[PDB]
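*Asks:* Dumping the structure here so I can ask a few things about it.
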Amino acid sequence: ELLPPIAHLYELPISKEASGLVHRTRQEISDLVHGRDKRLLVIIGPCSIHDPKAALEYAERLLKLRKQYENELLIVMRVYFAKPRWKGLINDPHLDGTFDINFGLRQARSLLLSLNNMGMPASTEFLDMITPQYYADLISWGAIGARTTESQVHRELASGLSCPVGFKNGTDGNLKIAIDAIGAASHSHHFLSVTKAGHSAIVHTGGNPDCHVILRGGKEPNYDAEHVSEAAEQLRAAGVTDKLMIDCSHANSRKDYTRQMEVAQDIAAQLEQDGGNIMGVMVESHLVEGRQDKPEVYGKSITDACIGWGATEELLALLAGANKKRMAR
Amino acid sequence: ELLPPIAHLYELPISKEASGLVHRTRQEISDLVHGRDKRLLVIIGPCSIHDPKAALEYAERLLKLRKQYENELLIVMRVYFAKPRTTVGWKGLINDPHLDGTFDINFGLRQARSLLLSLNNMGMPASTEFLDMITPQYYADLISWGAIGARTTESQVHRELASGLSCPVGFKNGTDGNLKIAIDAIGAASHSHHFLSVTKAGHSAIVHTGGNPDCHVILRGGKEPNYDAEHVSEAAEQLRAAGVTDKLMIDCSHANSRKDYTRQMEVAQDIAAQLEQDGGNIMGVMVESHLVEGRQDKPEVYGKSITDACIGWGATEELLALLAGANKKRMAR
Amino acid sequence: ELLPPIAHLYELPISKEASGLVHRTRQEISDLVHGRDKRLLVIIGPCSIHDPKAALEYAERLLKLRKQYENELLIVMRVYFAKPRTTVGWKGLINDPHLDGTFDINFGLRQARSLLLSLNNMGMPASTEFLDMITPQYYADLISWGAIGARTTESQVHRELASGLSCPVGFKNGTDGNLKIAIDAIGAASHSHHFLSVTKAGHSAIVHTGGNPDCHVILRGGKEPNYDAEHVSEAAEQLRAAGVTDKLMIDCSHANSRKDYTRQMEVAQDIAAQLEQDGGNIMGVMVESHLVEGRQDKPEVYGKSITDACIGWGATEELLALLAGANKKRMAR
Amino acid sequence: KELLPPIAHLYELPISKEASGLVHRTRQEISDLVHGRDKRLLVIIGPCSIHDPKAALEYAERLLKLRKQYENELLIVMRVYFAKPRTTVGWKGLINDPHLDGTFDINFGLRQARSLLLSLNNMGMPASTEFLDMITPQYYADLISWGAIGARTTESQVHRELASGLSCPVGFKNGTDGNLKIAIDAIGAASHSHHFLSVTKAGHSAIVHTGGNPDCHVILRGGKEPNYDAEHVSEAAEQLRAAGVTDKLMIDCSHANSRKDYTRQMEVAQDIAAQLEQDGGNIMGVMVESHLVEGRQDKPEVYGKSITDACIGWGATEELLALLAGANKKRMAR
Ligand SMILES: [Mn+2]
Ligand SMILES: [Mn+2]
Ligand SMILES: [Mn+2]
Ligand SMILES: [Mn+2]
């Protein structure tokens, strides 16, 4: 029997400091989206969380670099619960085909609260129409994924979220559908949704003004300067923000997780050469590099493969050093 | 504030005859998807419904042709309520039934259910696009075939939605022409799913679906059209490769028509030719048709579409004879 | 599957006139309760409603008397559905509207709202007894006066209920003549309460009520009757002592009539006599009345109670003329 | 405000294997006493109202030793009453206002209620309560082994309906002025099937079809005069037989049978003891208002002392419990 959001919000209410972090981080991000601050948002963390222990451990380390680089970068953890394909730690938290959604949603809120409490903001992918209410309050940045950027109900969903939202270009490279997504997400909508209490209702939303585009490759990779400058023109054409995010992983690195660093080197070049239209990057990253089918090694992905801790330090310093130079000019 | 499904199911319960017409039409379609019957499913009617009255006059006309071509074609009306916009605009009758930015969703939901009931009661089965996660509980019982649009075919929740529907479901290929996503949608929709949904009583719940065995593909065009025998033949091999039904539907409108209503006949004509040489992979087609041809920004003229432009009634009578005769021959073999 | 109140409200919303009649009848009763108007509230009508048709006819007749005597009396119809049993039996038109043990509650409630709306539209305000905690929401907007019966006057949850009702409320003395429990009840109902209740949408919620200032006591006999002037005077003294309105209602039926429907006229004769004398603490009366007199175990004769025995329509004209005239005199002084 | 449904508390505080076994077993043992199949004496005993779990848990440990020591003469069950009926107004109890300060934090209160009950059952002490609200019972009824319908609600159809659908035995009190018929009638109604509106474990209103509660009985709790003595019991037993219902009954030592004097509960007890020695075949149980510390107070200043009706203290409780055990050992011999 499905518990409503209110049951989880009661056991695990947001603390003052988690509340303050989220509010502050959401704003700080807004500033990057509309070009009021020249720091670089870095959404970095695992492809997917399957072990809360590990995620917290990962946070601790990320925390040191988050504060270390705070004048140049704005580091925020990837806390994605799954990959649209095990459909997650939400849909199946025991990793054994048991589908215990009540436990999953509880565990997800708990991890989210714990990270916000220790100073680490959290981002995630909003896939379902109903699950967001259970932890959206703990989320500082949200992704609508390549497979739903074109869906009306997902643009609706984003139009009512209190955090900035990144729309990915379509699976085969289509950029218009993300630009459209911003236009749709920015305006008011009326639609059916589910309340904190678990009842259906008509919601009226006010529009999300802090949406932006995410370049994640396609038929070919769209991360370089020319690809970025073409994106910027199109965004200016449609009267939406020409500041965008580049996903280092997935279809931009193709089938090689270690190529994340090359893309990052290339973004670093742009930032030292000009890079005016870049406000963020995304990186798939974990304690231990690579992937595995079943979860036997601690802190190594069971979905898409991720760079390991060593390379993450490397990749962050690379970008930190690069963006310091852009902020100077 | 929102009325639950059960409220509409109490005012507008399904009749003995609607129920059988639906059970019957669904089964009849499954057989088309599984090649047990080689009639041609013809999903035909307006782009979107803005006026129940005109849709009831339309249906009465189209029913005469349903009875007349029943050995050759299986005709089912297009009764589209929810509309996917590219950016924005009127999202359909459910979302905004007074056409004036009021968003009287309870009224809209009642109107749609009543129209669909009236249609089954007169003997015209109905088809719609399932776009929202929640609205289907209000009138799925009246639906003989549903579609998942080009824009939502890649979505996991729409796939799960399909997997719990009792009617056959057609997935369209994506807006650029990508066909893999719809092949993948059949894969997923055919399996059992656990996900979150809403009950008849208006509450969120866990639902464990049995999976929908009667799903199929719809070719509706992309960067360039995809209706001809060659494109049909490439798709067919891909379907057999993935080990799912190689029977598919071809849409004559949208990207296959280059968004022009005077090309829909052209497409139907290439389909008739295919049907006459062979075309054993074609189990159905789709056509945007209204009492009157074209479109209009505002609902001024009766029976004229305010969304995509449609062919008129005269042009519809032709298109149907065209396919009726072309398919009789195929069935003769 | 129980439909929420919003479903019934959507189908039978209140009309401008029904709303005005309720609003204004409620205020007129408040006046009578707080001694600002010396007309006599008369709560008259069948013991229980088992036939809406016969109900609507009774109103028509009663409507002509409501206006004739509008200057002396304020006539409001007894439209009780929900009936408390000593043990068990037919609990009412809500709980079992088909009279056959089918317990079709959704239909019952729809029928109850429908009758109430009609009665109001044609100009006859309605009164009822609130027994259940959940069913009030379905039609309380159509109710001008409410009763908490003798068996629940001492119940804390019914006192809480009463604290949130927007219409005046009569508490009866307890089944063996205890009056204190009713005086207490007004104490409770007059205050703010916090408790669990159910919303217009069918969900449990915490409600906070502001208190009902228009409560009063009803004298309905015990082991011995309590209608006469001495008991009336004895009651007023008790009221004034606990700091509540000393304006009360007297039941002419039940333990005051010794469960004999003929004795209802005896009691009204005594009230009439008190009104001619002085009787300044009487603000209303109750009468169990129907088109046809007496009772039956099964609904065979039209307009004849199947519960407690009522006076016929003949005896009604007589009892109203009698009270109308006696109170015209009191009003003169 | 935002009431959590029973499923929320049921999920945080699921009934345990042991609690569940104790509830099933006590409910059955009680049914036996109601229907003249066992001669032990059911003893409902504990504070008038719970205003502090800690004290309630300390109380229970003590009473557990005596439940055990007297298990072959008495069946002991703690009074864990949350909801209270005021004559007019007042604190309605720990559920309705758990911080004691006018805050009506009912979500906290229900979680507190469930936690206490669960802990009580987990430690081997079954629990009884009065069911006053239509909606609260769903939050912890599963942890209750015996229930009470109060004197002020025994004549109410919806409290009879409620009772008809409880899985535990129920005792209906006689009316505040001594009316016994209303309670005999109430067993009548409660033993039959009803259809009525209630609220689900998930928080929605629903139609419920109840099966009937066959283990209802009467409680003599006084009226204008007390009704505990032999003469009153036998006259009650005749009225019960007359109406076709069980002539086994419970006698409340407190409230109108002790005329609101906590020191007379022992006198009542003594009278009951005699009747168990003389014959007493219609008695199946007793109720006592007991606490760690005797008397009462308007504010929860002293620990283990009632803020509602006055209770006898631990000492008098040890005394009263031995007296009854002794006297019932003898009745069980015959
Ligand atoms: Mn990934
Ligand atoms: Mn269209
Ligand atoms: Mn009556
Ligand atoms: Mn007490």
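Letters for chains follow the order of the structure tokens (A, B, ...), residue numbers begin at 1 for each chain, and ligand numbers begin at 1 in the order shown.
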Chain B vs chain C: Cα RMSD after least-squares superposition over all Cα in order?
*Replies:* 0.2 Å
*Asks:* Would you please give, as a list in words, all residues of stretch 212-295 of chain A that DSSP assigns to strand (DSSP E or B) based on the backbone?
*Replies:* residues 212, 213, 214, 215, 216, 217, 244, 245, 246, 247, 248, 249, 250, 251, 278, 279, 280, 281, 282, 283, 284, 285, 290 and 291 of chain A
*Asks:* Limited to N, CA and C atoms, could you put the picked residues into a file as a short mmCIF file (atom, residue, chain, number, x, y, z; two decimals), in the first residue's frame?
*Replies:*
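Generated output (again_35.cif):
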data_model
loop_
_atom_site.label_atom_id
_atom_site.label_comp_id
_atom_site.auth_asym_id
_atom_site.auth_seq_id
_atom_site.Cartn_x
_atom_site.Cartn_y
_atom_site.Cartn_z
N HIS A 212 17.42 25.78 -18.86
CA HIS A 212 18.53 25.91 -19.73
C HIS A 212 18.75 24.58 -20.43
N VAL A 213 19.63 24.61 -21.42
CA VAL A 213 19.90 23.49 -22.32
C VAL A 213 21.17 22.74 -21.90
N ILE A 214 21.18 21.44 -22.17
CA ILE A 214 22.32 20.59 -21.87
C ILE A 214 22.79 19.88 -23.13
N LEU A 215 24.05 20.09 -23.54
CA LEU A 215 24.55 19.42 -24.74
C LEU A 215 25.20 18.06 -24.38
N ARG A 216 24.62 16.97 -24.89
CA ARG A 216 25.00 15.63 -24.49
C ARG A 216 25.29 14.72 -25.63
N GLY A 217 25.64 15.28 -26.79
CA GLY A 217 25.98 14.47 -27.96
C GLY A 217 24.81 13.77 -28.62
N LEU A 244 24.60 27.63 -21.35
CA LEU A 244 24.27 26.23 -21.47
C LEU A 244 25.25 25.32 -20.74
N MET A 245 24.91 24.04 -20.68
CA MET A 245 25.69 23.08 -19.93
C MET A 245 26.15 22.06 -20.93
N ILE A 246 27.34 21.52 -20.72
CA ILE A 246 27.87 20.47 -21.56
C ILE A 246 28.01 19.19 -20.75
N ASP A 247 27.35 18.12 -21.15
CA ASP A 247 27.54 16.81 -20.51
C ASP A 247 28.84 16.14 -21.03
N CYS A 248 29.85 16.00 -20.19
CA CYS A 248 31.06 15.27 -20.58
C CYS A 248 30.83 13.77 -20.87
N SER A 249 29.78 13.16 -20.33
CA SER A 249 29.62 11.71 -20.43
C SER A 249 28.63 11.32 -21.53
N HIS A 250 28.22 10.04 -21.52
CA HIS A 250 27.17 9.53 -22.41
C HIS A 250 27.53 9.67 -23.91
N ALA A 251 26.68 10.33 -24.68
CA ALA A 251 26.84 10.37 -26.13
C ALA A 251 27.93 11.35 -26.60
N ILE A 278 29.17 29.08 -21.77
CA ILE A 278 29.20 27.87 -20.96
C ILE A 278 28.95 28.22 -19.50
N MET A 279 27.89 27.69 -18.90
CA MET A 279 27.63 27.89 -17.46
C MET A 279 27.72 26.61 -16.66
N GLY A 280 28.00 25.49 -17.30
CA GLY A 280 28.04 24.26 -16.53
C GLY A 280 28.56 23.07 -17.29
N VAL A 281 28.91 22.03 -16.56
CA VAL A 281 29.33 20.78 -17.15
C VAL A 281 28.82 19.69 -16.24
N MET A 282 28.72 18.49 -16.80
CA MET A 282 28.25 17.31 -16.11
C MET A 282 29.29 16.19 -16.25
N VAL A 283 29.52 15.43 -15.19
CA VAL A 283 30.57 14.43 -15.19
C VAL A 283 30.07 13.24 -14.42
N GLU A 284 30.23 12.04 -14.98
CA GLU A 284 29.91 10.76 -14.32
C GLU A 284 31.15 10.23 -13.61
N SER A 285 31.04 10.08 -12.29
CA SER A 285 32.22 10.02 -11.44
C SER A 285 31.95 9.29 -10.13
N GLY A 290 35.17 2.82 -13.74
CA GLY A 290 34.58 1.70 -14.47
C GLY A 290 33.16 1.32 -14.06
N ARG A 291 32.79 0.08 -14.41
CA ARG A 291 31.46 -0.46 -14.17
C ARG A 291 31.51 -1.96 -13.83
#
*Asks:* Could you list, as a list in words, all residues that come within 8 Å of ligand 2? Count only C-alpha atoms and all ligand atoms.
*Replies:* residues 46, 47, 48, 83, 253, 254, 288, 307, 308 and 309 of chain B
*Asks:* What residues in chain D have any atom no more than 7 Å from chain C when counting only C-alpha atoms, and can you write them as a JSON list (two decimals) with N, CA, C and O atoms, in the first residue's frame?
*Replies:*
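Saved to iface24.json:
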[["chain", "number", "residue", "atom", "x", "y", "z"],
["D", 1, "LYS", "N", -5.92, 20.80, 9.03],
["D", 1, "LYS", "CA", -4.49, 20.39, 8.88],
["D", 1, "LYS", "C", -4.25, 18.96, 8.27],
["D", 1, "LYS", "O", -5.20, 18.20, 7.91],
["D", 2, "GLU", "N", -2.96, 18.60, 8.22],
["D", 2, "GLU", "CA", -2.51, 17.52, 7.32],
["D", 2, "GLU", "C", -2.40, 16.19, 8.06],
["D", 2, "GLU", "O", -1.34, 15.70, 8.45],
["D", 3, "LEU", "N", -3.55, 15.59, 8.25],
["D", 3, "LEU", "CA", -3.59, 14.33, 8.98],
["D", 3, "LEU", "C", -2.91, 13.21, 8.21],
["D", 3, "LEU", "O", -3.25, 12.94, 7.07],
["D", 85, "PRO", "N", -14.14, 11.60, 27.56],
["D", 85, "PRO", "CA", -15.34, 12.39, 27.31],
["D", 85, "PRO", "C", -15.58, 13.37, 28.44],
["D", 85, "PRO", "O", -15.85, 12.96, 29.55],
["D", 87, "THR", "N", -17.73, 16.23, 30.39],
["D", 87, "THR", "CA", -19.14, 16.51, 30.65],
["D", 87, "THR", "C", -19.54, 17.75, 29.83],
["D", 87, "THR", "O", -20.66, 17.81, 29.31],
["D", 88, "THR", "N", -18.60, 18.68, 29.67],
["D", 88, "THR", "CA", -18.77, 19.89, 28.83],
["D", 88, "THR", "C", -17.56, 20.11, 27.93],
["D", 88, "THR", "O", -17.63, 19.92, 26.70],
["D", 89, "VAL", "N", -16.46, 20.52, 28.56],
["D", 89, "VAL", "CA", -15.18, 20.77, 27.89],
["D", 89, "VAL", "C", -14.04, 20.40, 28.83],
["D", 89, "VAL", "O", -14.24, 20.19, 30.04],
["D", 104, "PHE", "N", -3.14, 20.78, 20.07],
["D", 104, "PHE", "CA", -3.86, 19.85, 19.21],
["D", 104, "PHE", "C", -2.95, 19.30, 18.09],
["D", 104, "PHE", "O", -3.32, 19.27, 16.92],
["D", 133, "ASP", "N", -13.78, 8.18, 19.26],
["D", 133, "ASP", "CA", -13.76, 8.80, 17.93],
["D", 133, "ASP", "C", -14.14, 7.74, 16.92],
["D", 133, "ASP", "O", -13.90, 6.56, 17.15],
["D", 135, "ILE", "N", -12.79, 7.80, 13.90],
["D", 135, "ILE", "CA", -11.68, 7.75, 12.97],
["D", 135, "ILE", "C", -10.38, 7.26, 13.58],
["D", 135, "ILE", "O", -9.67, 6.49, 12.96],
["D", 152, "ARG", "N", -21.67, 7.68, 27.92],
["D", 152, "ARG", "CA", -22.24, 8.81, 27.18],
["D", 152, "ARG", "C", -22.47, 8.53, 25.71],
["D", 152, "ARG", "O", -22.94, 9.40, 24.99],
["D", 153, "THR", "N", -22.11, 7.33, 25.26],
["D", 153, "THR", "CA", -22.15, 6.94, 23.87],
["D", 153, "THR", "C", -22.70, 5.52, 23.67],
["D", 153, "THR", "O", -22.79, 5.05, 22.53],
["D", 155, "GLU", "N", -25.70, 4.63, 23.90],
["D", 155, "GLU", "CA", -27.00, 4.71, 23.23],
["D", 155, "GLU", "C", -26.87, 5.18, 21.76],
["D", 155, "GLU", "O", -27.87, 5.28, 21.07],
["D", 156, "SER", "N", -25.65, 5.43, 21.29],
["D", 156, "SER", "CA", -25.40, 6.01, 19.95],
["D", 156, "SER", "C", -25.22, 4.96, 18.88],
["D", 156, "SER", "O", -24.31, 4.11, 18.96],
["D", 157, "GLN", "N", -26.02, 5.05, 17.83],
["D", 157, "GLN", "CA", -26.00, 4.05, 16.80],
["D", 157, "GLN", "C", -24.64, 3.93, 16.18],
["D", 157, "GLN", "O", -24.21, 2.81, 15.99],
["D", 158, "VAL", "N", -23.96, 5.05, 15.89],
["D", 158, "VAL", "CA", -22.64, 4.95, 15.26],
["D", 158, "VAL", "C", -21.57, 4.30, 16.17],
["D", 158, "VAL", "O", -20.69, 3.60, 15.66],
["D", 185, "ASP", "N", -29.48, -3.25, 24.98],
["D", 185, "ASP", "CA", -29.83, -2.97, 23.58],
["D", 185, "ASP", "C", -28.59, -2.91, 22.71],
["D", 185, "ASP", "O", -28.57, -3.47, 21.62],
["D", 186, "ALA", "N", -27.56, -2.22, 23.18],
["D", 186, "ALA", "CA", -26.32, -2.03, 22.44],
["D", 186, "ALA", "C", -25.57, -3.31, 22.06],
["D", 186, "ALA", "O", -25.03, -3.42, 20.96],
["D", 188, "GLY", "N", -27.20, -6.05, 21.57],
["D", 188, "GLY", "CA", -28.10, -6.41, 20.48],
["D", 188, "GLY", "C", -27.61, -5.86, 19.15],
["D", 188, "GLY", "O", -27.27, -6.61, 18.26],
["D", 189, "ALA", "N", -27.53, -4.54, 19.04],
["D", 189, "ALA", "CA", -27.10, -3.93, 17.79],
["D", 189, "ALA", "C", -25.66, -4.37, 17.37],
["D", 189, "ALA", "O", -25.42, -4.75, 16.21],
["D", 195, "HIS", "N", -24.11, -1.81, 7.78],
["D", 195, "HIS", "CA", -23.51, -1.09, 6.68],
["D", 195, "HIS", "C", -23.48, 0.36, 7.01],
["D", 195, "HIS", "O", -24.52, 0.94, 7.31],
["D", 197, "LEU", "N", -20.73, 4.21, 6.82],
["D", 197, "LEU", "CA", -19.60, 4.93, 6.34],
["D", 197, "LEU", "C", -18.54, 5.00, 7.41],
["D", 197, "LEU", "O", -18.82, 5.26, 8.56],
["D", 203, "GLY", "N", -6.97, 6.63, 4.73],
["D", 203, "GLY", "CA", -7.48, 7.98, 4.87],
["D", 203, "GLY", "C", -8.68, 8.35, 4.00],
["D", 203, "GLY", "O", -9.02, 9.52, 3.89],
["D", 204, "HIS", "N", -9.38, 7.39, 3.42],
["D", 204, "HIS", "CA", -10.57, 7.75, 2.65],
["D", 204, "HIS", "C", -11.83, 7.20, 3.25],
["D", 204, "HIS", "O", -11.82, 6.15, 3.91],
["D", 205, "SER", "N", -12.93, 7.90, 2.97],
["D", 205, "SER", "CA", -14.23, 7.51, 3.50],
["D", 205, "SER", "C", -14.65, 6.37, 2.67],
["D", 205, "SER", "O", -14.29, 6.33, 1.52],
["D", 206, "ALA", "N", -15.37, 5.44, 3.25],
["D", 206, "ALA", "CA", -15.78, 4.27, 2.52],
["D", 206, "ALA", "C", -17.03, 3.67, 3.09],
["D", 206, "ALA", "O", -17.40, 3.93, 4.22],
["D", 207, "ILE", "N", -17.66, 2.81, 2.32],
["D", 207, "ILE", "CA", -18.74, 2.03, 2.85],
["D", 207, "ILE", "C", -18.11, 0.82, 3.51],
["D", 207, "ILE", "O", -17.27, 0.18, 2.90]]
*Asks:* Find the residues near ligand 1. Use a cut-off of 8 Å, count only C-alpha atoms and all ligand atoms, and write them as a ChimeraX atom specification.
*Replies:* /A:46-48,83,249-250,284,303-305
*Asks:* Can you check which parts of chain A lie within 6 Å of chain B? Per residue, the shortest pair of atoms and distance in Å to one decimal, counting only C-alpha atoms, sorted by chain and number, as a Markdown table.
*Replies:*
| residue | atom | partner | partner_atom | distance |
| --- | --- | --- | --- | --- |
| A:2 | CA | B:205 | CA | 5.4 |
| A:147 | CA | B:154 | CA | 5.4 |
| A:148 | CA | B:155 | CA | 5.6 |
| A:150 | CA | B:151 | CA | 5.4 |
| A:151 | CA | B:152 | CA | 5.4 |
| A:180 | CA | B:87 | CA | 5.4 |
| A:184 | CA | B:87 | CA | 5.5 |
| A:198 | CA | B:204 | CA | 5.3 |
| A:199 | CA | B:203 | CA | 4.6 |
| A:200 | CA | B:202 | CA | 5.4 |
| A:201 | CA | B:2 | CA | 5.2 |
| A:202 | CA | B:2 | CA | 6.0 |
*Asks:* For stretch 320-332 of chain B, please output as a list in words all residues within 6 Å (counting only C-alpha atoms; exclusion window: fewer than 4 positions along the same chain).
*Replies:* residues 72, 272, 275 and 276 of chain B
*Asks:* Selection from above, N, CA, C and O atoms, as a PDB file, in the first residue's frame, can you write it?
*Replies:*
ATOM      1  N   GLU B  72     -13.731  -5.661 -45.836  1.00  0.00           N
ATOM      2  CA  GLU B  72     -12.415  -5.253 -46.329  1.00  0.00           C
ATOM      3  C   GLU B  72     -11.601  -4.445 -45.315  1.00  0.00           C
ATOM      4  O   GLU B  72     -10.408  -4.711 -45.084  1.00  0.00           O
ATOM      5  N   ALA B 272      -2.444   1.723 -51.466  1.00  0.00           N
ATOM      6  CA  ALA B 272      -3.256   0.848 -52.312  1.00  0.00           C
ATOM      7  C   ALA B 272      -2.356   0.053 -53.277  1.00  0.00           C
ATOM      8  O   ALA B 272      -2.454  -1.171 -53.351  1.00  0.00           O
ATOM      9  N   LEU B 275      -0.713  -2.612 -51.395  1.00  0.00           N
ATOM     10  CA  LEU B 275      -1.726  -3.631 -51.133  1.00  0.00           C
ATOM     11  C   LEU B 275      -2.009  -4.516 -52.353  1.00  0.00           C
ATOM     12  O   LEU B 275      -2.211  -5.723 -52.223  1.00  0.00           O
ATOM     13  N   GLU B 276      -1.973  -3.912 -53.534  1.00  0.00           N
ATOM     14  CA  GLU B 276      -2.228  -4.638 -54.774  1.00  0.00           C
ATOM     15  C   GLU B 276      -1.071  -5.501 -55.281  1.00  0.00           C
ATOM     16  O   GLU B 276      -1.324  -6.585 -55.794  1.00  0.00           O
TER      17      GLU B 276
END
*Asks:* Around ligand 4, which protein and nucleic acid residues have at least one atom no more than 7 Å from it, if we count only C-alpha atoms and all ligand atoms? List them as a list in words.
*Replies:*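 Residues satisfying the distance criterion: residues 48, 255, 289, 308 and 309 of chain D.
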*Asks:* For the selection you just gave me, I'd like the residues written to a file as an mmCIF file, in the first residue's frame, keeping N, CA, C and O atoms.
*Replies:*
data_model
loop_
_atom_site.group_PDB
_atom_site.id
_atom_site.type_symbol
_atom_site.label_atom_id
_atom_site.label_comp_id
_atom_site.auth_asym_id
_atom_site.auth_seq_id
_atom_site.Cartn_x
_atom_site.Cartn_y
_atom_site.Cartn_z
ATOM 1 N N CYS D 48 -6.860 6.526 34.907
ATOM 2 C CA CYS D 48 -8.018 7.063 34.223
ATOM 3 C C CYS D 48 -7.595 7.560 32.819
ATOM 4 O O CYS D 48 -8.205 7.201 31.823
ATOM 5 N N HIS D 255 -15.800 5.799 39.142
ATOM 6 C CA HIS D 255 -16.868 6.650 38.632
ATOM 7 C C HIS D 255 -18.092 6.595 39.573
ATOM 8 O O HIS D 255 -17.915 6.757 40.793
ATOM 9 N N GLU D 289 -9.634 2.183 38.608
ATOM 10 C CA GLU D 289 -8.761 3.330 38.317
ATOM 11 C C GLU D 289 -7.530 3.462 39.291
ATOM 12 O O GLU D 289 -7.620 3.925 40.439
ATOM 13 N N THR D 308 -6.820 13.546 35.337
ATOM 14 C CA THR D 308 -8.257 13.438 35.238
ATOM 15 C C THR D 308 -8.833 12.908 36.567
ATOM 16 O O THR D 308 -8.669 13.529 37.616
ATOM 17 N N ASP D 309 -9.512 11.778 36.568
ATOM 18 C CA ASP D 309 -10.165 11.371 37.816
ATOM 19 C C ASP D 309 -9.122 10.856 38.793
ATOM 20 O O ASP D 309 -7.993 10.504 38.404
#
*Asks:* Please determine the contact residues of chain A with respect to chain D at a cut-off of 9 Å, counting only C-alpha atoms, and supply them as a list in words.
*Replies:*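 Close to chain D, chain A has residues 1, 2, 3, 4, 6, 7, 8, 10, 11 and 197 of chain A.
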*Asks:* Which one of D:299, D:334, D:181, D:209 sits closest to residue D:162 if you count only C-alpha atoms?
*Replies:* D:209
*Asks:* Please report the interatomic distance between atom CA of residue D:50 and atom CA of residue D:122 in Å with one decimal.
*Replies:*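 Going from atom CA of residue D:50 over to atom CA of residue D:122, I get 18.1 Å.
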*Asks:* Quick one: residues within 8 Å of stretch 136-146 of chain C, only C-alpha atoms, excluding same-chain residues fewer than 3 positions away - as a PyMOL selection string?
*Replies:* chain C and resi 5+8-9+14+18-19+22-23+25-26+29+109+112-113+116-117+120+125-130+132-133+165+167-170+199-200
*Asks:* Would you please work out which residue, of C:163, C:289, C:238, C:277, is nearest to ligand 3 when using only C-alpha atoms and all ligand atoms?
*Replies:*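 Comparing C:163, C:289, C:238, C:277 against ligand 3, the winner is C:289.
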*Asks:* Mind checking DSSP for stretch 119-330 of chain B and telling me the alpha helix (DSSP H) residues as a ChimeraX atom specification?
*Replies:* /B:119-122,156-163,180-189,229-242,264-277,313-330
